[PDB]
Every structure is written in structure tokens, then in C-alpha cells.
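**Student:** Below is one structure. I have some questions about it.
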Amino acid sequence: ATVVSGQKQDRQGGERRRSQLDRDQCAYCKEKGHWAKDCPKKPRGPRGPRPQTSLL
RNA sequence: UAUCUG
Ligand SMILES: [Zn+2]
């Protein structure tokens, strides 16, 4: 078998403004001062283990 | 009630 806990959802997403994403803001928490790559909320990356080498 | 799109 294979399951973690029910759940049965999935979505990519489209239309979605990038707010006032400042050149010195965070595109993760939405903070200002640190970058997403420097987001203090980021535990460890990369995130999303998807072995799909077909897109380029 | 699962945020790196810059
Ligand atoms: Zn952040």
C-alpha cells in the first residue's frame, strides 16, 4: 500500500499577481528585508522531491 | 487549515 493520511487534492495554479514583490522583499513569507533564498522560514531545500526530468 | 512566482 501507499498512503500518509487520506488527502486527495492537486492543483498547479495560474493567474496570481506577484503583489508588490520588492527587489528587496521576500517572495515566500512576504517579508521585507530578506530574500526568499534567505527566508528565515525556509527550513531546508530544495523542496518538492519530483524526479521529473522532462520539461526544459 | 501545505508561501522560494524575483
Ligand atoms: Zn521570507
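Naming works like this for the C-alpha cells: A, B, ... for the chains as they're shown, residue 1 at the start of each chain, ligands 1 onward in shown order.
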With 10 Å as the limit and counting only C-alpha atoms (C1' of nucleotides), what residues in chain B lie close to chain A? Please list them as a list in words.

**Tutor:**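 Listed by rising number, the hits are residues 3, 4, 5 and 6 of chain B.
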
**Student:** Tell me, as a PDB file with N, CA and C atoms (P, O5', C5', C4', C3', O3' and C1' of nucleotides), in the first residue's frame, which residues lie within 12 Å of residue A:10, counting only C-alpha atoms (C1' of nucleotides); anything in the same chain fewer than 3 positions away does not count.

**Tutor:**
ATOM      1  N   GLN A   7      -6.331  12.568   2.189  1.00  0.00           N
ATOM      2  CA  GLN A   7      -5.955  13.645   1.290  1.00  0.00           C
ATOM      3  C   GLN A   7      -6.092  13.194  -0.166  1.00  0.00           C
ATOM      4  N   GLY A  13      -2.049  26.040 -10.508  1.00  0.00           N
ATOM      5  CA  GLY A  13      -2.313  27.451 -10.287  1.00  0.00           C
ATOM      6  C   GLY A  13      -1.926  28.280 -11.514  1.00  0.00           C
TER       7      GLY A  13
ATOM      8  P     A B   2      -3.205  24.909   3.910  1.00  0.00           P
ATOM      9  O5'   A B   2      -1.739  24.421   4.327  1.00  0.00           O
ATOM     10  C5'   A B   2      -0.701  25.377   4.531  1.00  0.00           C
ATOM     11  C4'   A B   2       0.374  25.210   3.480  1.00  0.00           C
ATOM     12  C3'   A B   2      -0.157  24.959   2.071  1.00  0.00           C
ATOM     13  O3'   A B   2       0.802  25.408   1.117  1.00  0.00           O
ATOM     14  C1'   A B   2       0.864  22.967   2.729  1.00  0.00           C
TER      15        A B   2
END

**Student:** Find the distance between atom CA of residue A:43 and atom CA of residue A:12 and write it in Å to one decimal.

**Tutor:** 22.6 Å

**Student:** Just to confirm, what's the straight-line distance from atom CA of residue A:3 to atom CA of residue A:49 in Å (one decimal)?

**Tutor:**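 Between these atoms lies a distance of 16.2 Å.
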
**Student:** Between A:20, A:54, A:8, A:31, which one has atoms that come closest to ligand 1, using only C-alpha atoms and all ligand atoms?

**Tutor:**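 Looking at the shortest contact to ligand 1, the residue is A:31.
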
**Student:** How many Å lie between atom CA of residue A:40 and atom CA of residue A:19, rounded to one decimal?

**Tutor:**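 Between atom CA of residue A:40 and atom CA of residue A:19 the gap is 20.2 Å.
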